[PDB]
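Subsequent text provides structure tokens for two forms of one protein chain, presented individually as structure 1 and structure 2.
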Structure 1
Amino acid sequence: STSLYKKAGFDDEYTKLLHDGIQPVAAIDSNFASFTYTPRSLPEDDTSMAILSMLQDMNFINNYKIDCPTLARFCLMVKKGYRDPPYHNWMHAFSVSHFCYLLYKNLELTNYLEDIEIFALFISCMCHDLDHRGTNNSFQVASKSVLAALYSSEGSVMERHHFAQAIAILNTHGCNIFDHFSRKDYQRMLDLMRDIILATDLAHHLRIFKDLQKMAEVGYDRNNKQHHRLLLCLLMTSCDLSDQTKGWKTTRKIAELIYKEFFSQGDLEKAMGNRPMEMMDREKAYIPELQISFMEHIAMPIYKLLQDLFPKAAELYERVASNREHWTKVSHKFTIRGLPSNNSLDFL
């Protein structure tokens, strides 16, 4: 079935990073630190090297005295910790991480948050969807999975699992990048990573929205600890939906990947004798309308809030609005429900 997604495992890629894993960012691409860069254009084999390059460029390898081969092992473990569903794979975590690096390079993050908080945001970006199965939180509960048994009573099933997988990698032999960290700082990292990963659940975003709005309405406070907590949540959700800030071709390809993933879950729910949500039912979903709704209600407010706090982020919101206008303009060519027989949106 289209719902079966494999895990890589349980030396040549490590030695390659040990050879020339730290390359100056400009050698990767002259456009690498721009909001016009598309990290999905980077070959998958060069992504682990780009992670190190961004960490070095932000100076986190020297500021935190991170042992380079420990970081090389950790990155490869994070990469290996992703399965291969159409959307929630390593290439998604890599692109989300790159956008966190873009926010640091283009917005003045050091003038809003502590070095430790931005470093936590980046690491959380790499880990935020670890071991994702191509299915959502409702599916875990309905399929009565081990993950639902462990976490449903606490809420955010997948997000708690993703954080647990990040902790397991850290507690693996030679992957603890924070090994030399002090007891209070090591725990600070674990606590930041937990809140940041939990902020990737839509349910959470929907609950903190009024508070995000009020923070932007009043104005950011560099001395207010709660303001640092709320900013990190908005920044995490902006990294997670960052493919919408790119060109039309990226939003069109990401729609193709997410609906292939959503539709496979729906087919699995139908085989289980359950009725899927409309967006997960290939016989009911009309992708342009679903995209417009997702962009109006979820993506556009997140970037509108980011524009209110960071003036330099205005271009991001306008690209998201433009992509939304593009889906309305294209809806006349897309006259069918679901995806075409070949799973491609290239015809648009």
Structure 2
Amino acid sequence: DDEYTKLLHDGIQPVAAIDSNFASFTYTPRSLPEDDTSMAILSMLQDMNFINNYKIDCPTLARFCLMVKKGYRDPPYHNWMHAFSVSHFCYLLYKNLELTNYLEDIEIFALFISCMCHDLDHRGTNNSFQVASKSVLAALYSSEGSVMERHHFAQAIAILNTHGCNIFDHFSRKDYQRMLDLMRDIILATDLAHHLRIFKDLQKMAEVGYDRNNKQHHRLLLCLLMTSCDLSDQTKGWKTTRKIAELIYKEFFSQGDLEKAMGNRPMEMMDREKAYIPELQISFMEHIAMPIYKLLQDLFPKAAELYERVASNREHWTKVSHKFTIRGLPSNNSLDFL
């Protein structure tokens, strides 16, 4: 409750006072100490004018932000620092790409809130694991699909329905319904299976050109932007890409270990005895990440640098690939590992 006191009474720090490069695509939000992230969320909301536009109650917003942060567990990748960095990228898209020409204010607001909430209570395992392990989440959502994403949305709703945390309780009934419906679609769009299903519709929209008067184009654009925020760790330098691969594979291999112990054969990328990290990262960059930022570049010319950084990071994997072969003897001069 002392974090809350300071967050409410100390005042909202200007965005520049965090870092002079905070609003740039070159900035790495993971460099920000975890203890300064809740204040950074308030600074970003204030800078986007959401607090004033929607007359958000300060005690309510302060409680909401801390409740969202508390709602994340500590697996190697799907933790609060992932949600914070994804939310930071949404802010970057707002600051650098002129979203206001494409989306409604409420849609841009829903995107940011969804970014903060999109992986709430993640346990470090994927959708297939929920079903295979017969988890409570699969009992609740397996028949509807996107098990984890349905849970993240339900966790966001449970936070909003906690006394003193409903940042939208003063909204009109229509605006309240709209907001929760947007959060549903945006959070469900974080399932990469959903992205791969709509990819041809995203290509078609970029091809014909975005139509601001087409409601389906608004829905498709919000899906693309959310996916762009979720994979944004790949738009920085090699240092971020390398570190993120360590976190992702530590999480994946922990799942694979659980599947093996259950008598199940894990997917290749989740099996520490079979996974070849450079090949898997090249495949993910080439077939998932690069086409996303290419679509983003096609719709927004100012997003060109993002695609170029992703392409550069993909090329760095090919460059370091030879290091994954043990040439000579290991550092200890022993072949005991055999």
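For the two forms, the rigid core is made up of the largest set of C-alpha atoms that agree within 1.5 Å on superposition. Numbers follow structure 1, counted from its first residue as 1.
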ask   = Core-aligned, does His332 move its Cα 2 Å or more between structure 1 and structure 2?
value = no
Per-residue CA shift, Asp20 (Å; core superposed between structure 1 and structure 2) = 2.9
task = Would you mind giving the Cα movement of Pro69 between structure 1 and structure 2 in Å, after fitting on the rigid core?
result = 1.1
